[PDB]
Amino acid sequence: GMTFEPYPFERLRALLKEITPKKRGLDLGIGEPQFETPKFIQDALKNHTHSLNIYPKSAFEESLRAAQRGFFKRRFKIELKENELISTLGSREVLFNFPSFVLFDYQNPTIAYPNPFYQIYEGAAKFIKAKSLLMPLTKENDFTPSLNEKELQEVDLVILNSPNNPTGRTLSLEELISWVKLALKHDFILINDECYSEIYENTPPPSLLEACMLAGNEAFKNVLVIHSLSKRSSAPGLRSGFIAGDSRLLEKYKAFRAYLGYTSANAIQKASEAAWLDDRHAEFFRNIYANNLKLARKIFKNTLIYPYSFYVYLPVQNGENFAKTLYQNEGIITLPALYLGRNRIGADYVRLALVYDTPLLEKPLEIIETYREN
């Protein structure tokens, strides 16, 4: 059988179980937006309920795929071909099952991903019985992942996450270009979990497919990017995402997906389509997250906060102890980064999820700083 490790929220619940907060404070643990779904998205759903009698297609509707491609064009200035994008039921399932698809017939497969990480990457490796090569992200090299020469020759699949959960670290165009060249040189599959690409403060982060265009890999050979609508549009219930890149791998993945049953109501797909076609509402939410990061940066003195994602990777003496103290005294919930990593990576940090409207964060963030400062 497979091993079922506890999830970060269970480890946190366990840590705080013996504590009764002396005050009421904000929950900055869970990275899930606290905003209403835009009305026009809801109205699209309401206006198409009649399609509930239609068995949805595993490929999703053509109109949704086209809306997703249009998004990629406007956002990354790349015109994806029809066989270069597959519609998916959010990103979670794709991140979990794509590796079992691509490494299906491999003997002793090896997957690389950063440390700390969104735990689904490890689940994915366990499901295909792969060896995991963890690329630590620490301050010693400005949270930069790398592999040595032997590792580059052994690895079969590399998963990056840029912008990164939980550090916010975002790889530059030049950094992504190096990875593309390594993927082509050593012949391994390279994926970027790009679910935070619309959560940024100033300059938009680059897609790994842009690196492909500039590295002479316009066909996106060995390379794929995974996107989701959940954070961008405050509509996680729609379960809409996509995977774009290598058309040879995607054409085979399409056939595999016929069997999986990851389908959604046509009415849900219409609302997803309306969301992907519009940029206004996305910008409205991005601006709030932009202002959250700015506020945090003013408050947490001499702390590095990258202008991407909606997280703060906060240095503390011990994350677990800091979480306990803050909850006990202020009722403010934070996530020790230890619970997102292996080999004790994250021990000196708590992750903060700035998922509230900016004015609600001013007080709690100041309070947090008072417990941290000298």
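Numbering starts at 1 and runs along the sequence shown.
When the modelled residues of the chain are ordered by C-alpha B-factor, residue 50 sits in the lowest third.
Among the modelled residues of the chain, residue 242 sits in the lowest third by CA temperature factor in this PDB entry. Annotation for residue 70: C-alpha temperature factor in the lowest third relative to the rest of the modelled chain, per the entry. Per the PDB record, residue ranking by Cα B-factor puts residue 109 in the highest third of the chain. Sorting the modelled residues of the chain by their CA temperature factor places residue 206 in the middle third.
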